[PDB]
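Okay, structure first, notes after.
Residue numbers (the entry's author numbering): 28 to 333.
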């Protein structure tokens with residue numbers, strides 16, 4: 028049967044392998060709500076990446092987040108081992124009670140299933156371009172330096188180095204990374220940045236077009252540094268729709284590397300085939316597919332499975 032791997036309506040998935048519990052975890056947006064009204068985050072766990080189990084709700088706006096009142100979207104997570112104990116840094120965006128536009132916050136836990144404790148305030152509350160939105164946060168640790176970075180943005184892509192405690196960015200390090208040019212048919216930047224490292228190369232994934240469109244797709248670029256500049260790949264489409272297999276708008280991806288192996292998976296959402304003209308933008312489902320690297324370092328276009 029394969030895809031979707033998560034039941035019901037879920038989107039914008041983040042994927043993690045926990046060296047603490049030796050299990051895989053997916054942290055999506057709770058979808059199925061009009062105007063992306065989901066106000067809480069779920070966690071789904073797996074031992075094998077085939078069978079997925081829903082765990083407890085980790086964060087609810089208002090209840091667990093004093094500054095936010097809803098629109099809990101598109102989280103990311105980082106697992107670090109510090110002084111022999113595993114720590115989790117969960118970043119997300121939400122609507123503040125001030126209604127001053129979406130903001131990015133951070134919650135911490137000692138387990139990938141929580142309990143998670145929010146900082147008490149957002150950590151990113153303005154655009155480095157003056158435009159776009161402060162959403163679609165991603166977190167990455169540079170394996171070369173050990174430095175951690177946040178990436179984010181709708182309309183723009185930005186990156187900044189995180190402070191040692193992971194609770195704030197170093198404002199002076201902020202770089203506007205937005206890939207220039209492109210079209211809705213190629214790599215025009217919309218949102219959902221995702222960053223990985225493999226064999227000396229930094230890979231930058233992002234989504235093109237709108238989530239309610241069947242043309243919602245993943246593209247990539249590379250750099251020799253976690254803060255770019257991003258060189259868009261000659262052939263940049265990683266994942267695009269396959270209407271002949273009823274796969275529509277497959278994007279807003281995350282990337283899983285199999286622990287201690289050069290085996291990679293792309294985790295994304297797609298528009299549920301029964302909702303193409305019935306709220307496509309908020310009836311999405313989480314999928315997984317293998318992602319292979321060519322000998323030269325380029326990414327082989329993912330064959331999405333129905």
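Idealized CB from N, CA, C, for every residue including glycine.
* **Residues near residue 161 in its chain [Cβ-Cβ closer than 6 Å; skip 5 each side]** => Here the question's residue 161 lines up with position 134 in the chain shown. So the qualifying residues of the chain are 129, 130, 131 and 151.
* Contact the segment 265-272 vs the segment 210-221: 3+ CB pairs below 8 Å -> no
* residue 315 and residue 32 closer than 8 Å at C-beta -> Taking the first residue of the chain shown as 1, we reach residue 315 at position 288. Taking the first residue of the chain shown as 1, we reach residue 32 at position 5. Result yes, Cβ atoms of residue 315 and residue 32 sit closer than 8 Å.
* Decide yes or no for the touch test of the segment 316-327 against the segment 69-79: beta carbon pairs closer than 8 Å, at least 3 of them. => no
* So, helix, strand or coil for residue 244, using DSSP? -> In the chain shown, residue 244 corresponds to position 217, counting from 1. Of the three classes helix, strand and coil, the one that applies to residue 244 here is strand, per DSSP.
* beta strand (DSSP E) segments (min. 3 residues) lying fully within the segment 254-280 -> 258-266
* **Three-state class that DSSP yields for residue 300 in the structure shown** => Within the chain shown, numbered from 1, the residue matching residue 300 stands at position 273. Three-state result, residue 300: helix.
* Tell me where the beta strand (DSSP E) around residue 118 begins and ends. => Taking the chain shown and counting its residues from 1, one reaches residue 118 at position 91. Note, residue 118: beta strand (DSSP E), 112-123.
* Where does residue 132 sit, in a helix, a strand or coil, going by DSSP? -> On the chain shown, position 105 is the one that residue 132 refers to. Strand.
* To do: Could you pull the start and end residues of the beta strand (DSSP E) that residue 37 belongs to?
  => The count along the chain shown starts at 1 and reaches residue 37 at position 10. Where residue 37 is concerned, the enclosing beta strand (DSSP E) stretches over 37-45.
* To do: Put residue 307 into one of helix, strand or coil per three-state DSSP.
  => For the purposes of this step, residue 307 is taken as residue 280 along the chain shown, with counting starting at 1. The answer is helix: DSSP assigns residue 307 an H, G or I state.
* Apply the 10 Å Cβ neighbour rule to residue 126 and answer buried if 16 or more other Cβ atoms are within range, or exposed otherwise. => Residue mapping note: residue 126 aligns to position 99 of the chain shown, counting from 1. With fewer than 16 other Cβ atoms within 10 Å, it is exposed.
* To do: Please say whether residue 276 and residue 259 have beta carbons closer to each other than 8 Å?
  => Counted from its first residue, the chain shown places residue 259 at position 232. Counted from its first residue, the chain shown places residue 276 at position 249. Their beta carbons are not under 8 Å apart, which means residue 259 does not touch residue 276 by this criterion.
* To do: Just confirm the distance between the C-beta atoms of residue 121 and residue 136, as a whole number of angstroms; I'd bet it's less than 8 Å.
  => Within the chain shown, numbered from 1, the residue matching residue 121 stands at position 94. Within the chain shown, numbered from 1, the residue matching residue 136 stands at position 109. The pair is not a contact, with the Cβ atoms about 17 Å apart (cut-off 8 Å).
* Asked: When we look at the beta-carbon of residue 307 and count the other beta-carbons within 10 Å, is it buried (16 or more) or exposed?
  -> Position 280 of the chain shown, counting from 1, holds the residue named residue 307. Residue 307 comes out buried.
* **Among 70, 196, 313 and 159, nearest to residue 44 - alpha-carbon criterion** => Within the chain shown, the letter at position 17 stands for residue 44. Of the candidates 70, 196, 313 and 159, the one whose C-alpha sits nearest the C-alpha of residue 44 is 70.
* How about residue 66 and residue 41: are their beta carbons less than 8 Å apart? -> Here residue 66 is taken as the residue at index 39 of the chain shown, counted from 1. Here residue 41 is taken as the residue at index 14 of the chain shown, counted from 1. Against a cut-off of 8 Å, the Cβ pair of residue 41 and residue 66 comes out as no contact.
* Asked: Heavy atom of the ligand GDP less than 7 Å from the Cβ of residue 269, yes or no?
  -> Because no ligand of any kind appears in the structure shown, any question about the ligand GDP cannot be addressed here.
* Below 8 Å between beta carbons: does that hold for residue 168 and residue 101? -> For the purposes of this step, residue 168 is taken as the residue at position 141 of the chain shown. For the purposes of this step, residue 101 is taken as the residue at position 74 of the chain shown. For residue 168 and residue 101, no; Cβs fall outside 8 Å.
* Asked: Roughly how far, in whole angstroms, is the beta-carbon of residue 282 from the beta-carbon of residue 232, given that I think they are within contact range, below 8 Å?
  -> Here residue 282 refers to the residue found at position 255 of the chain shown. Here residue 232 refers to the residue found at position 205 of the chain shown. About 7 Å; that satisfies the 8 Å criterion.
* To do: Compute the Euclidean distance between the alpha carbons of residue 326 and residue 223, then round it to the nearest angstrom.
  => Translated into the one-based positions of the chain shown, residue 326 becomes position 299. Translated into the one-based positions of the chain shown, residue 223 becomes position 196. Answer to the nearest angstrom: the Cα atoms are 12 Å apart.
* Asked: Does any CB atom of chain C fall closer than 8 Å to the CB of residue 67?
  -> Within the model displayed, chain C is absent; a lone protein chain is all it includes.
* **Top-ranked residue by Cα proximity to residue 230, from 207, 254 and 312** => Numbered from its first residue, the chain shown carries residue 230 at position 203. Of the listed residues, the one whose Cα sits closest to residue 230 is 254.
* Asked: Is residue 251 buried or exposed, if buried means 16 or more other CB atoms sit within 10 Å of its CB?
  -> Position 224 of the chain shown holds residue 251. Burial call: exposed.
* To do: Report all residues from its chain with a CB closer than 6 Å to the CB of residue 107; omit the five preceding and five following residues, and keep chain order.
  => Within the chain shown, the letter at position 80 stands for residue 107. Hits under 6 Å: 114.
* How long is the line joining the alpha carbons of residue 172 and residue 190, rounded to whole angstroms? -> Taking the first residue of the chain shown as position 1, residue 172 is located at position 145. Taking the first residue of the chain shown as position 1, residue 190 is located at position 163. One C-alpha to the other measures close to 14 Å.
* **Exposed unless 16 or more other CB atoms sit within 10 angstroms - verdict on residue 289** => For the purposes of this step, residue 289 is taken as residue 262 along the chain shown, with counting starting at 1. With fewer than 16 Cβ atoms within 10 Å of its Cβ, residue 289 is classed as exposed.
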